[PDB]
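Here is coords-v1.cif, consisting of mmCIF, C-alpha atoms and all ligand atoms:
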data_start
loop_
_atom_site.group_PDB
_atom_site.id
_atom_site.type_symbol
_atom_site.label_atom_id
_atom_site.label_comp_id
_atom_site.auth_asym_id
_atom_site.auth_seq_id
_atom_site.Cartn_x
_atom_site.Cartn_y
_atom_site.Cartn_z
ATOM 1 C CA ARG A 1 -26.575 7.757 42.560
ATOM 2 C CA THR A 2 -28.982 6.526 39.874
ATOM 3 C CA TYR A 3 -29.224 8.284 36.507
ATOM 4 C CA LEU A 4 -32.458 9.261 34.774
ATOM 5 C CA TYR A 5 -30.826 11.062 31.859
ATOM 6 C CA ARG A 6 -27.407 11.345 30.223
ATOM 7 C CA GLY A 7 -27.206 14.319 27.885
ATOM 8 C CA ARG A 8 -24.774 16.572 26.047
ATOM 9 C CA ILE A 9 -24.049 19.215 28.687
ATOM 10 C CA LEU A 10 -25.751 17.590 31.659
ATOM 11 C CA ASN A 11 -26.836 14.385 33.356
ATOM 12 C CA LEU A 12 -29.871 14.081 35.613
ATOM 13 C CA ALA A 13 -29.383 11.752 38.553
ATOM 14 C CA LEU A 14 -31.115 10.851 41.792
ATOM 15 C CA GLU A 15 -29.186 10.368 45.014
ATOM 16 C CA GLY A 16 -31.933 9.159 47.299
ATOM 17 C CA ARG A 17 -34.524 11.923 47.139
ATOM 18 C CA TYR A 18 -31.995 14.494 45.935
ATOM 19 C CA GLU A 19 -32.308 15.538 42.293
ATOM 20 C CA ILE A 20 -28.794 16.221 40.991
ATOM 21 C CA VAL A 21 -27.782 17.734 37.654
ATOM 22 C CA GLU A 22 -24.187 16.866 36.733
ATOM 23 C CA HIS A 23 -22.605 19.599 34.624
ATOM 24 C CA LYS A 24 -19.145 20.236 33.202
ATOM 25 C CA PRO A 25 -17.073 22.855 35.036
ATOM 26 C CA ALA A 26 -16.815 26.315 33.484
ATOM 27 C CA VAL A 27 -14.581 29.358 33.250
ATOM 28 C CA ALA A 28 -15.246 33.109 33.080
ATOM 29 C CA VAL A 29 -12.933 35.982 32.208
ATOM 30 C CA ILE A 30 -13.011 39.477 33.723
ATOM 31 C CA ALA A 31 -11.301 42.049 31.479
ATOM 32 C CA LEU A 32 -11.107 45.831 31.810
ATOM 33 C CA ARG A 33 -9.821 48.322 29.228
ATOM 34 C CA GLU A 34 -10.061 52.114 29.367
ATOM 35 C CA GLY A 35 -12.616 51.786 32.147
ATOM 36 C CA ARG A 36 -14.905 49.478 30.153
ATOM 37 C CA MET A 37 -15.546 45.859 31.079
ATOM 38 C CA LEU A 38 -15.763 43.175 28.387
ATOM 39 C CA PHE A 39 -19.318 41.826 28.506
ATOM 40 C CA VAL A 40 -20.940 39.473 26.006
ATOM 41 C CA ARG A 41 -24.557 38.674 25.216
ATOM 42 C CA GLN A 42 -26.194 35.796 23.397
ATOM 43 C CA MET A 43 -29.621 34.231 23.041
ATOM 44 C CA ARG A 44 -30.184 31.977 26.052
ATOM 45 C CA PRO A 45 -33.180 29.668 25.368
ATOM 46 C CA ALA A 46 -33.180 28.551 29.009
ATOM 47 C CA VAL A 47 -34.084 32.067 30.162
ATOM 48 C CA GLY A 48 -35.713 33.478 27.034
ATOM 49 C CA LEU A 49 -33.553 36.594 26.908
ATOM 50 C CA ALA A 50 -29.959 37.758 26.562
ATOM 51 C CA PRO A 51 -28.474 38.555 29.974
ATOM 52 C CA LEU A 52 -25.243 40.505 30.405
ATOM 53 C CA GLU A 53 -22.383 38.044 30.939
ATOM 54 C CA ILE A 54 -18.595 38.079 30.573
ATOM 55 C CA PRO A 55 -16.614 35.705 28.306
ATOM 56 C CA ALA A 56 -17.308 32.202 29.606
ATOM 57 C CA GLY A 57 -17.686 28.588 28.599
ATOM 58 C CA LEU A 58 -17.194 24.942 29.456
ATOM 59 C CA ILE A 59 -13.855 23.272 30.094
ATOM 60 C CA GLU A 60 -13.394 20.554 27.487
ATOM 61 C CA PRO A 61 -11.624 17.165 27.745
ATOM 62 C CA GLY A 62 -7.876 17.581 28.200
ATOM 63 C CA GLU A 63 -8.211 21.244 29.132
ATOM 64 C CA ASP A 64 -7.450 22.790 32.501
ATOM 65 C CA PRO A 65 -9.171 25.999 33.708
ATOM 66 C CA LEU A 66 -6.465 28.400 32.518
ATOM 67 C CA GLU A 67 -6.429 26.899 29.030
ATOM 68 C CA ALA A 68 -10.231 26.943 28.775
ATOM 69 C CA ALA A 69 -10.220 30.605 29.853
ATOM 70 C CA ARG A 70 -7.806 31.418 27.020
ATOM 71 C CA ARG A 71 -9.939 29.585 24.476
ATOM 72 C CA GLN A 72 -13.232 31.133 25.570
ATOM 73 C CA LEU A 73 -11.749 34.631 25.428
ATOM 74 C CA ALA A 74 -10.353 34.069 21.939
ATOM 75 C CA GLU A 75 -13.386 32.274 20.514
ATOM 76 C CA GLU A 76 -15.986 34.689 21.892
ATOM 77 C CA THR A 77 -14.115 37.989 21.542
ATOM 78 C CA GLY A 78 -11.066 37.299 19.377
ATOM 79 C CA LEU A 79 -8.706 38.508 22.106
ATOM 80 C CA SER A 80 -5.865 37.099 24.205
ATOM 81 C CA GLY A 81 -4.255 38.510 27.322
ATOM 82 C CA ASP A 82 -2.255 37.723 30.446
ATOM 83 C CA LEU A 83 -4.604 35.663 32.606
ATOM 84 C CA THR A 84 -4.569 35.385 36.389
ATOM 85 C CA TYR A 85 -6.714 32.983 38.407
ATOM 86 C CA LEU A 86 -8.995 34.828 40.849
ATOM 87 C CA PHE A 87 -11.424 32.459 42.537
ATOM 88 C CA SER A 88 -14.127 29.857 41.902
ATOM 89 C CA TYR A 89 -17.749 29.228 42.871
ATOM 90 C CA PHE A 90 -20.514 26.648 42.528
ATOM 91 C CA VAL A 91 -23.334 28.250 40.544
ATOM 92 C CA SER A 92 -26.140 26.601 42.538
ATOM 93 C CA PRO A 93 -24.895 23.832 44.906
ATOM 94 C CA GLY A 94 -28.463 23.035 45.884
ATOM 95 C CA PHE A 95 -28.944 20.994 42.717
ATOM 96 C CA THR A 96 -25.950 21.094 40.356
ATOM 97 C CA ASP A 97 -22.204 20.544 40.597
ATOM 98 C CA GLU A 98 -21.278 23.146 37.974
ATOM 99 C CA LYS A 99 -18.201 24.960 39.266
ATOM 100 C CA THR A 100 -16.932 28.150 37.628
ATOM 101 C CA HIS A 101 -13.305 29.306 37.693
ATOM 102 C CA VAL A 102 -12.900 33.060 37.258
ATOM 103 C CA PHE A 103 -9.816 34.709 35.750
ATOM 104 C CA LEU A 104 -8.678 38.285 35.238
ATOM 105 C CA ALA A 105 -7.297 39.216 31.816
ATOM 106 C CA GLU A 106 -4.886 42.111 31.269
ATOM 107 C CA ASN A 107 -2.859 43.502 28.362
ATOM 108 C CA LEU A 108 -5.502 42.431 25.840
ATOM 109 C CA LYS A 109 -4.471 41.914 22.217
ATOM 110 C CA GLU A 110 -6.724 41.149 19.266
ATOM 111 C CA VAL A 111 -5.580 37.888 17.693
ATOM 112 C CA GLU A 112 -8.672 37.229 15.566
ATOM 113 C CA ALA A 113 -11.311 39.223 13.696
ATOM 114 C CA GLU A 114 -21.941 36.173 15.389
ATOM 115 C CA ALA A 115 -24.069 34.293 17.912
ATOM 116 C CA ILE A 116 -22.157 36.166 20.605
ATOM 117 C CA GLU A 117 -22.372 39.956 20.864
ATOM 118 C CA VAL A 118 -19.331 41.756 22.298
ATOM 119 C CA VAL A 119 -20.485 44.472 24.685
ATOM 120 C CA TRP A 120 -17.795 46.779 26.081
ATOM 121 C CA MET A 121 -19.432 48.774 28.881
ATOM 122 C CA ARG A 122 -18.323 50.676 31.987
ATOM 123 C CA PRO A 123 -19.277 48.492 34.995
ATOM 124 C CA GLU A 124 -20.893 51.533 36.595
ATOM 125 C CA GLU A 125 -23.245 51.796 33.613
ATOM 126 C CA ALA A 126 -24.002 48.082 33.557
ATOM 127 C CA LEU A 127 -24.957 48.238 37.231
ATOM 128 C CA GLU A 128 -27.127 51.311 36.652
ATOM 129 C CA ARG A 129 -28.945 49.781 33.685
ATOM 130 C CA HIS A 130 -29.629 46.648 35.713
ATOM 131 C CA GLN A 131 -30.946 48.704 38.626
ATOM 132 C CA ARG A 132 -33.256 50.368 36.099
ATOM 133 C CA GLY A 133 -34.482 46.950 34.970
ATOM 134 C CA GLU A 134 -33.127 47.411 31.458
ATOM 135 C CA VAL A 135 -30.679 44.511 31.556
ATOM 136 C CA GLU A 136 -30.356 41.210 33.419
ATOM 137 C CA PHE A 137 -27.132 39.709 34.792
ATOM 138 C CA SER A 138 -25.789 36.178 34.663
ATOM 139 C CA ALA A 139 -23.774 35.160 37.714
ATOM 140 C CA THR A 140 -20.573 35.778 35.736
ATOM 141 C CA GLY A 141 -21.668 39.267 34.695
ATOM 142 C CA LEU A 142 -22.550 40.317 38.242
ATOM 143 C CA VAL A 143 -19.330 38.833 39.624
ATOM 144 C CA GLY A 144 -17.375 40.833 37.051
ATOM 145 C CA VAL A 145 -19.187 44.028 38.025
ATOM 146 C CA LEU A 146 -18.722 43.528 41.772
ATOM 147 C CA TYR A 147 -15.098 42.455 41.370
ATOM 148 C CA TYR A 148 -14.371 45.643 39.436
ATOM 149 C CA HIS A 149 -16.033 47.883 42.028
ATOM 150 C CA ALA A 150 -14.066 46.175 44.784
ATOM 151 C CA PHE A 151 -10.500 45.839 43.474
ATOM 152 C CA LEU A 152 -9.999 47.488 40.071
ATOM 153 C CA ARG A 153 -11.304 50.989 40.547
ATOM 154 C CA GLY A 154 -10.120 54.256 39.148
ATOM 155 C CA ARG B 1 -40.566 22.671 24.808
ATOM 156 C CA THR B 2 -40.994 18.964 25.579
ATOM 157 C CA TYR B 3 -40.509 17.631 29.111
ATOM 158 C CA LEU B 4 -38.479 14.557 30.031
ATOM 159 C CA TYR B 5 -38.863 14.929 33.789
ATOM 160 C CA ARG B 6 -41.031 16.824 36.269
ATOM 161 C CA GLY B 7 -39.538 16.801 39.750
ATOM 162 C CA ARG B 8 -39.691 18.517 43.127
ATOM 163 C CA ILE B 9 -37.248 21.391 42.625
ATOM 164 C CA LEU B 10 -36.672 21.056 38.894
ATOM 165 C CA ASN B 11 -38.046 19.977 35.536
ATOM 166 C CA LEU B 12 -35.921 18.697 32.665
ATOM 167 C CA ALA B 13 -37.114 19.798 29.249
ATOM 168 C CA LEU B 14 -35.879 19.834 25.675
ATOM 169 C CA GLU B 15 -36.354 22.848 23.434
ATOM 170 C CA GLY B 16 -35.081 21.489 20.154
ATOM 171 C CA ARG B 17 -31.549 20.366 20.950
ATOM 172 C CA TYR B 18 -31.318 22.601 24.016
ATOM 173 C CA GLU B 19 -31.430 20.817 27.372
ATOM 174 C CA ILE B 20 -33.240 23.102 29.824
ATOM 175 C CA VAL B 21 -33.631 22.671 33.581
ATOM 176 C CA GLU B 22 -36.575 24.673 34.942
ATOM 177 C CA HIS B 23 -35.965 25.756 38.530
ATOM 178 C CA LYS B 24 -37.816 27.920 41.037
ATOM 179 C CA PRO B 25 -36.381 31.409 41.571
ATOM 180 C CA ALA B 26 -34.306 32.011 44.697
ATOM 181 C CA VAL B 27 -33.254 34.692 47.151
ATOM 182 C CA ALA B 28 -30.026 35.405 49.051
ATOM 183 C CA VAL B 29 -29.341 37.752 51.946
ATOM 184 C CA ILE B 30 -26.131 39.713 52.545
ATOM 185 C CA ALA B 31 -25.758 40.768 56.196
ATOM 186 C CA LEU B 32 -22.831 42.421 57.972
ATOM 187 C CA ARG B 33 -22.388 42.942 61.721
ATOM 188 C CA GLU B 34 -19.270 44.161 63.524
ATOM 189 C CA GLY B 35 -17.272 43.520 60.369
ATOM 190 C CA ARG B 36 -18.393 39.888 60.060
ATOM 191 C CA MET B 37 -20.568 38.604 57.233
ATOM 192 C CA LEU B 38 -23.340 36.082 57.908
ATOM 193 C CA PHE B 39 -22.380 32.912 56.037
ATOM 194 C CA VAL B 40 -24.059 29.517 56.309
ATOM 195 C CA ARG B 41 -22.911 26.016 55.432
ATOM 196 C CA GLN B 42 -24.784 22.782 54.881
ATOM 197 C CA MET B 43 -24.206 19.386 53.315
ATOM 198 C CA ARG B 44 -24.736 19.735 49.565
ATOM 199 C CA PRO B 45 -25.073 16.239 48.000
ATOM 200 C CA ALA B 46 -24.844 17.755 44.513
ATOM 201 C CA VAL B 47 -21.268 18.893 45.164
ATOM 202 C CA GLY B 48 -20.211 16.486 47.905
ATOM 203 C CA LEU B 49 -19.029 19.190 50.288
ATOM 204 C CA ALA B 50 -20.222 22.207 52.254
ATOM 205 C CA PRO B 51 -19.401 25.427 50.400
ATOM 206 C CA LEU B 52 -19.549 28.845 52.050
ATOM 207 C CA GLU B 53 -22.884 30.479 51.195
ATOM 208 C CA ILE B 54 -25.067 33.239 52.644
ATOM 209 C CA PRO B 55 -28.689 32.755 53.804
ATOM 210 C CA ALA B 56 -30.631 31.666 50.723
ATOM 211 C CA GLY B 57 -33.529 29.576 49.519
ATOM 212 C CA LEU B 58 -36.373 29.125 47.075
ATOM 213 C CA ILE B 59 -39.329 31.463 46.696
ATOM 214 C CA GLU B 60 -42.477 29.500 47.488
ATOM 215 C CA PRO B 61 -46.011 29.818 46.040
ATOM 216 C CA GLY B 62 -47.630 33.111 47.023
ATOM 217 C CA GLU B 63 -44.321 34.627 48.098
ATOM 218 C CA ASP B 64 -42.530 37.525 46.451
ATOM 219 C CA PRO B 65 -38.722 37.950 46.653
ATOM 220 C CA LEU B 66 -38.717 40.269 49.673
ATOM 221 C CA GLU B 67 -40.951 37.943 51.677
ATOM 222 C CA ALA B 68 -38.885 34.874 50.760
ATOM 223 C CA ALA B 69 -35.726 36.735 51.822
ATOM 224 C CA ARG B 70 -37.286 37.409 55.232
ATOM 225 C CA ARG B 71 -38.291 33.778 55.658
ATOM 226 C CA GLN B 72 -34.935 32.339 54.607
ATOM 227 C CA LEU B 73 -33.085 34.645 56.998
ATOM 228 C CA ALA B 74 -35.345 33.702 59.904
ATOM 229 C CA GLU B 75 -35.486 29.972 59.187
ATOM 230 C CA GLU B 76 -31.755 29.525 58.571
ATOM 231 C CA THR B 77 -30.337 31.954 61.142
ATOM 232 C CA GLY B 78 -33.214 32.943 63.423
ATOM 233 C CA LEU B 79 -32.763 36.628 62.591
ATOM 234 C CA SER B 80 -34.801 39.436 61.035
ATOM 235 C CA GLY B 81 -33.661 42.815 59.775
ATOM 236 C CA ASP B 82 -34.441 45.727 57.475
ATOM 237 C CA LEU B 83 -34.087 44.311 53.967
ATOM 238 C CA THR B 84 -33.184 46.222 50.817
ATOM 239 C CA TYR B 85 -33.252 44.771 47.306
ATOM 240 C CA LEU B 86 -29.821 44.929 45.640
ATOM 241 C CA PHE B 87 -29.805 43.096 42.323
ATOM 242 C CA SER B 88 -30.517 39.751 40.653
ATOM 243 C CA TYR B 89 -28.705 37.228 38.462
ATOM 244 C CA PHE B 90 -29.277 33.996 36.552
ATOM 245 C CA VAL B 91 -27.067 31.331 38.124
ATOM 246 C CA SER B 92 -26.191 29.619 34.827
ATOM 247 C CA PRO B 93 -28.318 30.853 31.864
ATOM 248 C CA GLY B 94 -26.664 28.316 29.594
ATOM 249 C CA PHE B 95 -28.934 25.567 30.904
ATOM 250 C CA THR B 96 -31.226 26.688 33.739
ATOM 251 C CA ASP B 97 -33.657 29.529 34.385
ATOM 252 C CA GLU B 98 -32.941 29.787 38.117
ATOM 253 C CA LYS B 99 -32.850 33.489 38.963
ATOM 254 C CA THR B 100 -31.571 34.737 42.321
ATOM 255 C CA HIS B 101 -32.665 37.991 43.966
ATOM 256 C CA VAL B 102 -30.108 39.396 46.401
ATOM 257 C CA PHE B 103 -30.992 41.579 49.394
ATOM 258 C CA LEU B 104 -29.002 43.451 52.018
ATOM 259 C CA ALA B 105 -30.075 43.057 55.648
ATOM 260 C CA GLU B 106 -29.329 45.658 58.325
ATOM 261 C CA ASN B 107 -30.248 46.197 61.981
ATOM 262 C CA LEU B 108 -30.373 42.449 62.634
ATOM 263 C CA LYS B 109 -32.435 41.169 65.560
ATOM 264 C CA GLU B 110 -32.667 37.606 66.834
ATOM 265 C CA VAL B 111 -36.305 36.524 66.724
ATOM 266 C CA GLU B 112 -35.742 32.779 67.144
ATOM 267 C CA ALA B 113 -33.294 30.453 68.885
ATOM 268 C CA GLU B 114 -29.259 22.019 62.741
ATOM 269 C CA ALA B 115 -28.778 21.030 59.104
ATOM 270 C CA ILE B 116 -27.575 24.582 58.515
ATOM 271 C CA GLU B 117 -24.437 25.882 60.229
ATOM 272 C CA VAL B 118 -24.295 29.625 60.944
ATOM 273 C CA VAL B 119 -20.830 30.935 60.117
ATOM 274 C CA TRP B 120 -20.111 34.564 61.022
ATOM 275 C CA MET B 121 -16.813 35.461 59.343
ATOM 276 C CA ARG B 122 -15.018 38.617 58.198
ATOM 277 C CA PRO B 123 -15.279 38.685 54.370
ATOM 278 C CA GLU B 124 -11.541 39.337 54.202
ATOM 279 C CA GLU B 125 -10.930 36.043 56.008
ATOM 280 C CA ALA B 126 -13.411 34.121 53.880
ATOM 281 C CA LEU B 127 -11.654 35.360 50.746
ATOM 282 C CA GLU B 128 -8.240 34.452 52.165
ATOM 283 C CA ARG B 129 -9.313 30.950 53.181
ATOM 284 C CA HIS B 130 -10.755 30.380 49.718
ATOM 285 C CA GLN B 131 -7.553 31.607 48.078
ATOM 286 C CA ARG B 132 -5.741 29.076 50.267
ATOM 287 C CA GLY B 133 -8.053 26.332 49.008
ATOM 288 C CA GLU B 134 -9.503 25.705 52.456
ATOM 289 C CA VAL B 135 -13.080 26.637 51.595
ATOM 290 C CA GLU B 136 -15.261 26.704 48.478
ATOM 291 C CA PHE B 137 -17.800 29.397 47.568
ATOM 292 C CA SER B 138 -21.324 29.131 46.225
ATOM 293 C CA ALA B 139 -22.312 31.936 43.866
ATOM 294 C CA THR B 140 -24.203 33.600 46.729
ATOM 295 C CA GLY B 141 -21.202 33.431 49.057
ATOM 296 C CA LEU B 142 -18.831 34.973 46.515
ATOM 297 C CA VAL B 143 -21.351 37.675 45.605
ATOM 298 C CA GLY B 144 -21.658 38.547 49.291
ATOM 299 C CA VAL B 145 -17.881 38.774 49.644
ATOM 300 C CA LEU B 146 -17.399 40.922 46.535
ATOM 301 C CA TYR B 147 -20.363 43.145 47.384
ATOM 302 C CA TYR B 148 -18.873 43.817 50.814
ATOM 303 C CA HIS B 149 -15.434 44.672 49.422
ATOM 304 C CA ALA B 150 -17.021 47.042 46.922
ATOM 305 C CA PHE B 151 -19.653 49.005 48.863
ATOM 306 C CA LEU B 152 -19.675 48.190 52.589
ATOM 307 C CA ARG B 153 -16.092 48.658 53.651
ATOM 308 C CA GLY B 154 -14.634 49.991 56.833
HETATM 309 MG MG MG C 1 -17.144 26.019 24.392
HETATM 310 MG MG MG C 2 -37.088 26.889 51.689
#

Would you mind giving the structure from this file in structure tokens?
Ligand SMILES: [Mg+2]
Ligand SMILES: [Mg+2]
Amino acid sequence: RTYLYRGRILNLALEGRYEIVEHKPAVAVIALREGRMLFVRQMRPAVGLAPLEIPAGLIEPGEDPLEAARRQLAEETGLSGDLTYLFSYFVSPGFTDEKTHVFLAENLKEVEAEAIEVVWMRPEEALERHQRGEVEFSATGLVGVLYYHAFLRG
Amino acid sequence: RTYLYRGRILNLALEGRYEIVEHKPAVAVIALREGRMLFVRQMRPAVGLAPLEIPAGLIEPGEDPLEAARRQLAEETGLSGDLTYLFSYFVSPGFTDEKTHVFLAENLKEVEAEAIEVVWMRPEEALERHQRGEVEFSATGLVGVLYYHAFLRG
């Protein structure tokens, strides 16, 4: 593997003819309260709009997935809860190695009081708005919505 | 936006301090038959392993999402079916603009008879194997699994 670029959040390398973007692993947190899911929105220059996502971020040096999940939840929403590991996925294995570890958060407590907008919304409504073309989803946002519809309903 | 690299499936640009990877949009197809979901696996140099995915691929010039979905299903699995658009998502809006359009395929018919391995598997079993750390998921594979558990069960 030969490198063409070493950046802040990514490296661009060539492995033969394959173009590979190395990227730090990430975490995402699914949280439900009173039937609303905890979504967040922020300007995303890469896409030119603010898609509906769930608390997420990169895992930093020294941190493991669970710890990063805690930090991202607190830094983006000011909350903490009991986290449980759910599953993981590669965002787009065809060109990048970014892997995302998803956690479920329960018994949320506000521990703190912005570039990131906190958007509490019933998953049913998020799905409907998307179907109506009013909002876009990030992989984490869609995963949160589908996960809810599959195992957390009522 | 200034470009540092123009490749085959991606461009690397800088928008101020933001590192942005331009990528063609993609499609993914969820298909269930006799309780098994249509997964596919292939060597993915970017991740160094073969994660569990569902039929997917890039949308080529002149093609719209629905047409690309048809092609990817036929080229990777040799099947065709009645496709319905479900939803879309940005794989990782923090650095790339790759957007994936997901479709549901029903009434599958084999129209044709490999780098891509066809893996029919009950979603329940795919989820269990993943939980056991025996298989990894791509975003498309996980989305397929969660979608099934949420709206196609029985
Ligand atoms: Mg961070
Ligand atoms: Mg193709």

Please check the contacts: residues of chain A at most 7 Å away from chain B, using all atoms listed in the file, listed as a compact mmCIF listing (two decimals) with C-alpha atoms, in the frame of the given file.
# COMPACT_ATOMS: atom_id res chain seq x y z
CA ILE A 20 -28.79 16.22 40.99
CA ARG A 44 -30.18 31.98 26.05
CA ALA A 46 -33.18 28.55 29.01
CA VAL A 47 -34.08 32.07 30.16
CA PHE A 87 -11.42 32.46 42.54
CA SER A 88 -14.13 29.86 41.90
CA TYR A 89 -17.75 29.23 42.87
CA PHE A 90 -20.51 26.65 42.53
CA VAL A 91 -23.33 28.25 40.54
CA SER A 92 -26.14 26.60 42.54
CA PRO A 93 -24.90 23.83 44.91
CA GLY A 94 -28.46 23.04 45.88
CA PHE A 95 -28.94 20.99 42.72
CA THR A 96 -25.95 21.09 40.36
CA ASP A 97 -22.20 20.54 40.60
CA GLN A 131 -30.95 48.70 38.63
CA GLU A 136 -30.36 41.21 33.42
CA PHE A 137 -27.13 39.71 34.79
CA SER A 138 -25.79 36.18 34.66
CA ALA A 139 -23.77 35.16 37.71
CA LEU A 142 -22.55 40.32 38.24
CA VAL A 143 -19.33 38.83 39.62
CA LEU A 146 -18.72 43.53 41.77
CA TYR A 147 -15.10 42.46 41.37
CA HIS A 149 -16.03 47.88 42.03
CA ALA A 150 -14.07 46.18 44.78

- prompt: Any idea what the distance is between atom CA of residue A:31 and atom CA of residue B:126?
  reply: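 The value is 23.9 Å.
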
- prompt: Which residues come within 12 Å of residue B:107, counting all atoms listed in the file, excluding same-chain residues fewer than 4 positions away, as a list in words?
  reply: residues 31, 32, 33, 34, 79, 80, 81, 82, 83 and 84 of chain B

message: For the provided coordinates, the residues matched by the PyMOL selection byres (((not hetatm)) within 8 of (chain C and resi 2)) should be stated as a ChimeraX atom specification.
response: /B:57-60,72

Coordinates-based distance that separates atom CA of residue A:103 from atom CA of residue A:117 (Å, one decimal):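 That distance, rounded to one decimal, is 20.2 Å.
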
- request: Find the distance between atom CA of residue A:69 and atom CA of residue A:109 and write it in Å to one decimal.
  value: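 One can read the atom CA of residue A:69 to atom CA of residue A:109 distance as 14.8 Å.
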
- request: Could you tell me which of A:67, A:110, A:134, A:75 comes closest to ligand MG 1 (chain C) if we count all atoms listed in the file?
  value: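 Comparing A:67, A:110, A:134, A:75 against ligand MG 1 (chain C), the winner is A:75.
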
query: Taking all atoms listed in the file into account, which of A:39, A:30, A:116, A:106 comes nearest ligand MG 1 (chain C)?
result: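 Closest candidate: A:116.
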